[PDB]
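Enquirer: Structure below; questions to follow.
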DNA sequence: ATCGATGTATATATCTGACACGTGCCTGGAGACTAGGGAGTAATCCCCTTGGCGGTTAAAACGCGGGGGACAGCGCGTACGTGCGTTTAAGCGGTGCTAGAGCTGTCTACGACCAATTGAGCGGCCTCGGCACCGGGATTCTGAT
DNA sequence: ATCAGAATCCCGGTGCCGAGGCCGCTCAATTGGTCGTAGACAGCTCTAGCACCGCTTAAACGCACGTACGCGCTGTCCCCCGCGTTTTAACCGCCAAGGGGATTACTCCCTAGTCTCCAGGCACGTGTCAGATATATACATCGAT
């Protein structure tokens, strides 16, 4: 079971504009 | 032409006029489309999961009002 | 006895929130919003206890009122 | 068997007692239901709909309209502060925003 | 017996009793307590793993509620899950 | 299936000269469902808190006093008490 | 007696970390968190079962409930955990 | 010239109760967002669902605009900037702005 | 002697976890608000209830202050004003701040 | 560039009460079995959605000028942070009291359950008028003059 | 001040379609009566909150000062808004195909329910060690040297 690697987005909210 | 470009500049301008905005900027027309897409996607996700729970190949207004009730900002008029 | 909430107390709460400079009218303004917030919460809690047959206000009814309000507090409920 | 009169008649209300009693029975809120609880529910629902319809009909008469429209409900709910506090995050279909002007004016 | 049939840690009997006594439905299926046990096990494992990492970062083996607060706020989905709740004895994030 | 008939009845009670649109009827129906849902859910959790498996008049009274703000709660409790003491006639 | 979930939190903690510990204050936090999440999921399943005129809570209900309640990639892991668990339970 | 006529237009739009955005591009956007993530083909949308979704979206947008315009005039300018809107989304809360 | 103590104070307080306001005046305020609804008689409070109330109060206040500080930093100055907090209440909503 | 005392970090010891483990008891979970109905499933129907075409027509797109609005700089003033000395009431600890939580025992009045009955409410059908649209006229400001 | 040009207000006319009333059907509310049991009530007991007292002391209060900071003003520059023209495509109207929602009926497996048995999990007690804490030391350092 692979454990998820997290990253920090520029804006706190999970949703990201792209 | 992208379909999100269909939200015209006078459309968002009239939205702002109804909101009470006198002067608008330029990047408003690019950021409001993004936040509208995000808001609609967050609603449509709950709606389509509501449809997928049942044996329905189509969505209806019932799943929409279920999604808005789940999100908190409820909407009247279509609960029957 | 609302004067117990001292000026350094509100200042330390602001420093904990990250506020650098604080004007002189904040200490006369923070008391009102705190007073109405506590008024609302204690009103709901005393209604919960008035439903209950007991007269002391326990912590269970407090966290029930907080759950109704919208800010559930952990560490005590249960 | 006596005359089967509605329980809204013996309670002096207009909302149905049997419908809400069956609805609380099928609502799965609890295993048992009291007798006076649907009566209480009907009374408070009657009071709430009457309370909103007062200002609804007054605003409709003010707008020179003899028929209630959903715009009048949107204007009537946002006037009373108690009903505004109750229906805070509630959005009404075909109801525009309350007409308010900005602090900057023309003269 | 047939307690650890799902090979998990949460009891199937207690959650089944809670679903039957909670009156959430007239009847309840059999896979639903198993599914509930799995999701509760996964979420608790994740939050305890993050708390253990924060406590190891603080050179302490006794996890204090501050460490849970850091474990919740350092992640990004956990705050979206626990935005409506707060933690007792929990400090604010170091800005 | 809707509460529309009773809505029209109480509308004829308050005003004899005012009509109502069909969309407004749906607005009122959904509003009734929303109020009933919130009050009943609060009553259910408050009855479950005290290990009582019934919803008597006390539960709904304290529930509507918890939900309704302002001076509407005292009118709700007055109407409820008047209604339940008028019901004890049969 | 008093109902609590202390032993199961302790078991999964010692399984994921054979050295660490949880204070008594933090143990109550975990218990209240588990109760709150369970109540949220149960209420969601209840209203979803009411919306389709069903009196049963199948595995479809709980999966749809946990998917529309849990956002993000945690939902995609949790559904796999639940399906794997129910197959493991019914594989007897 | 007909100067300072915008204010009357604002009063008109506060008076009107119709939908501001058109129906066809919003409906196509709904179809596109649907087929973008559902991983299925030919999902139908009922008529009331479309107009309901459009009304709800316009309501959310007008609330966000009035809040943003209030905080911009609080800052000391009458022009709306996107940084202020992005700040507004996180100053409202998890449920109020997002 | 320690010059410029606000930075050290902020760095210390963001790392601490204990409750800031004293217990006795907070309990007196709780009693004063409680005696207005108990119909004359006195109500007793548990040792955990008052602490939970104070925890919730300081948490909500520190959230309100950090949101207001974001708003004031948007204005372009370092001092926060009470009118900004009053705006922040209704910006966050009539139920969350109000 | 050395010494003092003011602030900062760590290394040591020290001690304690909170943790973890062990025991003992028991009530809730499991095993086995039943009966009945909720739900799964297949066939059918017909409403409602999709889809495609033409023809208009408001609405979107585009270009241009100008003004008014954001913004940087600067100077003025002032209000809050910092330091110091003085003072107070929060806090520890400790002791006594009792109101009231909380548990147990009893008994009954209340609410589920069922069968029979009926009228209140639902589906449909109609018809007309309140309201939308439009067109002419009456008044009333407002920037261009 | 003086104006037509919009803008608003009102007003009769048409019109249309959606509101409101009526009719017929039917199933869900009502009535009556029996069964059982949750809950009302009363009593009893033992914790835990309340009150007080007295001592400590760390925190609060006030006051002088200084200097960093709000804010008003000005000047420059630019980026939207109004306006006219051009060009698209949403909207309406129409019909046509069929997919799938919705309904009905059939069957069966699954789950509630009861009894009976026992062990995982509860409470309690108690030894022990992680961590809080006090003191020393090392380190940056700022004022005197």
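Numbers in chain G track Swiss-Prot; the residues on display, in order, are 34-125.
Heads up, header says this was done by electron microscopy, 4.2 Å.
Every residue, even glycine, has its Cβ placed from backbone N, Cα and C.
Pasting the feature list from Swiss-Prot:
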- G:35: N6-(2-hydroxyisobutyryl)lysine (MOD_RES)
- G:35: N6-(beta-hydroxybutyryl)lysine (MOD_RES)
- G:35: ubiquitin cross-link (CROSSLNK)
- G:44: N6-glutaryllysine (MOD_RES)
- G:47: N6-methyllysine (MOD_RES)
- G:58: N6-(2-hydroxyisobutyryl)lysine (MOD_RES)
- G:93: omega-N-methylarginine (MOD_RES)
- G:109: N6-glutaryllysine (MOD_RES)
- G:109: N6-lactoyllysine (MOD_RES)
- G:113: O-linked glycosylation site (CARBOHYD)
- G:117: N6-succinyllysine (MOD_RES)
- G:117: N6-glutaryllysine (MOD_RES)
- G:121: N6-lactoyllysine (MOD_RES)
- G:121: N6-glutaryllysine (MOD_RES)
- G:121: ubiquitin cross-link (CROSSLNK)
Enquirer: In whole Å, note down how far the CA of residue G:117 (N6-succinyllysine) lies from the CA of residue G:44 (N6-glutaryllysine).
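Expert: Approximately 21 Å lies between the Cα of residue G:44 (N6-glutaryllysine) and that of residue G:117 (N6-succinyllysine).
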Enquirer: Return the single residue from the modified residues list (G:35, G:109, G:117) that has the minimum number of other CB atoms within 10 Å.
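Expert: Output over modified residues G:35, G:109, G:117: least Cβ neighbours within 10 Å is G:35.
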Enquirer: Sorry to bug you, but what's the C-alpha spacing from residue G:58 (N6-(2-hydroxyisobutyryl)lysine) to residue G:47 (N6-methyllysine), rounded to the closest Å?
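Expert: Answer for this pair: 17 Å between alpha carbons.
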Enquirer: Roughly how many angstrom lie between the C-alpha atoms of residue G:117 (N6-succinyllysine) and residue G:109 (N6-glutaryllysine)?
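Expert: Per the Cα atoms, residue G:117 (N6-succinyllysine) and residue G:109 (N6-glutaryllysine) stand 12 Å apart.
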Enquirer: Rounded to an integer, what is the Cα-Cα distance in Å between residue G:35 (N6-(2-hydroxyisobutyryl)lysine) and residue G:121 (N6-lactoyllysine)?
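Expert: Cα to Cα, residue G:35 (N6-(2-hydroxyisobutyryl)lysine) and residue G:121 (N6-lactoyllysine) are separated by 31 Å.
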Enquirer: Cα-Cα separation of residue G:113 (O-linked glycosylation site) and residue G:121 (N6-lactoyllysine), in Å?
Expert: 12
Enquirer: Quick check: of the modified residues listed here (G:58, G:93, G:121), which one has the Cα closest to that of residue G:109 (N6-glutaryllysine)?
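Expert: Closest recorded candidate to residue G:109 (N6-glutaryllysine) by Cα: G:93.
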Enquirer: In the three-state scheme derived from DSSP, which category covers residue G:93 (omega-N-methylarginine)?
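Expert: Assignment for residue G:93 (omega-N-methylarginine) reads helix.
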Enquirer: For the modified residues G:44, G:47, G:58, G:93, which Cβ has the most other Cβ atoms within 10 Å, all shown protein chains included?
Expert: G:93
Enquirer: What count of other C-beta atoms do you get within 10 angstroms of the C-beta of residue G:113 (O-linked glycosylation site), across all chains shown?
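Expert: 13, counting other Cβ atoms within 10 Å of residue G:113 (O-linked glycosylation site).
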Enquirer: Going by DSSP, is residue G:35 (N6-(2-hydroxyisobutyryl)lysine) sitting in a helix, a strand, or coil?
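Expert: It is coil.
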